[PDB]
Amino acid sequence: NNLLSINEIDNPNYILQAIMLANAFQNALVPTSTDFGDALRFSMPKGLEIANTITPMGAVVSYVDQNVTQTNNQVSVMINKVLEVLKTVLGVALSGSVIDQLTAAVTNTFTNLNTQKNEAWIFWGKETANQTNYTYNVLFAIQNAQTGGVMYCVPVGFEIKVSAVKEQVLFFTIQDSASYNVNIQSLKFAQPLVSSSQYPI
């Protein structure tokens, strides 16, 4: 599985539906352009096509396909730009219900890369002397007070160009500066809670 699953689930009776939603949107990863390099990202148009096959039938609430750029600024500032975009997909109330974890997950998209560099959710694309390309795929599965009778699953595909060599990128902290070109793709999918008696790890 090439999406990092961030489970924010109050009742374990739903662990199974979240894994099942995760397993579904895995099929929404697509190849990047061979110019970007050799890499998979969650596609939002594909994710739409997948959500229609999902049974029991849910509803797609919001979606985004958007570029975000920075010129020699702090990583902290890309993290906040991307948070602003994801918060808009989640909306105010669902955001605040998961804000710490939403914050950590976008922080770890841009920093702490060295300890993540071999994991299945990151793909290293084209790497030159002054640029690194990578994709990073995460999926939030959320059931809590703000969610009532449904689960929300929010897949996100990042396609990232940052103006620094890989080894430097691997050790970036929020205090570093670089130039970025980030394309974000995400949807938010609601599905009625389906309870379960098998509880996967």
Side-chain angles (χ1 to χ4, degrees), residues 1-9 22 25-26 29 32-33 35-44 64-92 94-142 144 153-188:
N1 208 101
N2 307 276
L3 296 146
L4 162 70
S5 291
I6 321 261
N7 293 330
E8 295 300 306
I9 282 148
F25 294 105
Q26 169 71 11
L29 307 192
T32 50
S33 156
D35 264 359
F36 172 94
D38 204 330
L40 304 167
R41 56 86 60 75
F42 176 72
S43 172
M44 119 38 221
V64 81
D65 181 358
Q66 190 181 334
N67 272 244
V68 158
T69 68
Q70 230 176 46
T71 300
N72 299 302
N73 215 317
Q74 212 147 242
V75 168
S76 197
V77 184
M78 202 16 96
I79 283 137
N80 296 318
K81 296 191 186 248
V82 163
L83 275 167
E84 278 301 290
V85 166
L86 297 176
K87 283 174 154 204
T88 303
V89 185
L90 270 70
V92 169
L94 191 58
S95 294
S97 72
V98 287
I99 191 63
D100 295 3
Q101 309 96 311
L102 174 63
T103 290
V106 181
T107 297
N108 293 327
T109 300
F110 291 96
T111 66
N112 260 105
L113 291 178
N114 178 251
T115 185
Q116 284 183 87
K117 48 179 183 195
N118 293 318
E119 304 293 332
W121 58 87
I122 181 172
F123 291 87
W124 290 104
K126 264 192 208 167
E127 74 194 69
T128 74
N130 65 348
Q131 200 169 119
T132 302
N133 297 349
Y134 65 103
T135 59
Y136 186 107
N137 309 106
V138 256
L139 176 159
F140 299 91
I142 317 182
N144 61 23
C153 172
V154 191
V156 178
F158 294 106
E159 176 181 282
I160 302 161
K161 307 178 189 207
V162 50
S163 63
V165 287
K166 209 193 171 177
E167 67 277 6
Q168 284 175 40
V169 173
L170 289 185
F171 301 104
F172 275 4
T173 65
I174 62 163
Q175 305 285 126
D176 286 285
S177 331
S179 303
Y180 285 90
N181 246 275
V182 176
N183 177 253
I184 303 143
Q185 291 184 39
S186 178
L187 55 93
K188 169 172 63 171

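Residue numbers run from 1 in the order of the sequence given. We use all heavy atoms of the structure for the numbers below, so side chains are in, but hydrogens, waters and symmetry mates are not.
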Write out all pairs satisfying salt bridge (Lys or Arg N to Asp or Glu O under 4.0 Å) with one or both partners inside residues 120-134, taking only residues at least two apart or from two chains.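 Every pair satisfying salt bridge (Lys or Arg N to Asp or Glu O under 4.0 Å) with a residue in residues 120-134: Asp35-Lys126.
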Salt bridge (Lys or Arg N to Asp or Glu O under 4.0 Å): which pairs involve residues 155-165, sequence neighbours left out?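 Applying salt bridge (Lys or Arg N to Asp or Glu O under 4.0 Å) to every pair that reaches into residues 155-165, excluding sequence neighbours, yields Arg41-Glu159.
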Using 30° and 60° as the class boundaries, would you call the ring planes of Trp121 and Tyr136 parallel, tilted or perpendicular?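 It falls in the perpendicular class, over 60°.
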Just by modelled atom types, is the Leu40 backbone N or O under 3.5 Å from a matching donor or acceptor in the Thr135 side chain?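 Yes, because the side chain of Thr135 sits within donor-acceptor range (under 3.5 Å) of the backbone of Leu40.
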Please, which pairs that meet side-chain hydrogen bond (donor to acceptor under 3.5 Å, both in side chains) have at least one residue in residues 162-177, sequence neighbours excluded?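 Qualifying pairs, neighbours excluded: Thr173-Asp176.
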Under 3.5 Å, side-chain donor or acceptor atoms of residues 71-80 against the rest of the protein: list the pairs with distances, not counting sequence neighbours.
residue : atom : partner : partner atom : Å
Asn80   : ND2  : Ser76   : O            : 3.3

Counting C-beta onward and ignoring hydrogens, is there a side-chain heavy-atom pair between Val182 and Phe158 closer than 4.5 Å?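 Yes. Closest side-chain heavy atoms under 4.5 Å.
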For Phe25, check ring-ring contact (aromatic ring centres under 6.0 Å, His included) against everything at least two apart and list the hits.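 Counting only residues at least two positions away or on another chain, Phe25 forms a ring-ring contact (aromatic ring centres under 6.0 Å, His included) with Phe189.
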Contacts of type side-chain contact (heavy atoms from CB on, under 4.5 Å), residue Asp65, not counting sequence neighbours: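 With sequence neighbours excluded, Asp65 shows a side-chain contact (heavy atoms from CB on, under 4.5 Å) to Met44, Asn183, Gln185, given in chain and number order.
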To the nearest 0.5 Å, what is the distance between [atom1] ([X]) and [atom2] ([Y])?
{"X": "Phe140", "Y": "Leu3", "atom1": "CZ", "atom2": "CG", "answer": "11.0 Å"}
{"X": "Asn7", "Y": "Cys153", "atom1": "CG", "atom2": "SG", "answer": "9.5 Å"}
{"X": "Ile160", "Y": "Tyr180", "atom1": "CD1", "atom2": "OH", "answer": "7.5 Å"}

Donor-acceptor pairs are to be reported for all side-chain atoms of residues 94-113 against protein atoms at under 3.5 Å, with residues two or more places apart or in another chain.
residue : atom : partner : partner atom : Å
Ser95   : OG   : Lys87   : O            : 3.2
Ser95   : OG   : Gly91   : O            : 2.7
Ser97   : OG   : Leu94   : O            : 2.6
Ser97   : OG   : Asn144  : ND2          : 3.1
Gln101  : NE2  : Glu8    : OE1          : 2.2
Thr103  : OG1  : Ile99   : O            : 2.9
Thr107  : OG1  : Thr103  : O            : 3.0
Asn108  : ND2  : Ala104  : O            : 3.3
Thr109  : OG1  : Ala105  : O            : 2.7
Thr111  : OG1  : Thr107  : O            : 2.6

Any idea which heavy atoms bring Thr32 and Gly37 closest together, and the distance?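 In terms of heavy atoms, the two residues are closest at OG1-O, 3.0 Å.
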State which residues pass side-chain hydrogen bond (donor to acceptor under 3.5 Å, both in side chains) with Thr128; sequence neighbours excluded, sorted by chain then number.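 Residues passing side-chain hydrogen bond (donor to acceptor under 3.5 Å, both in side chains) with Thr128: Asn130.
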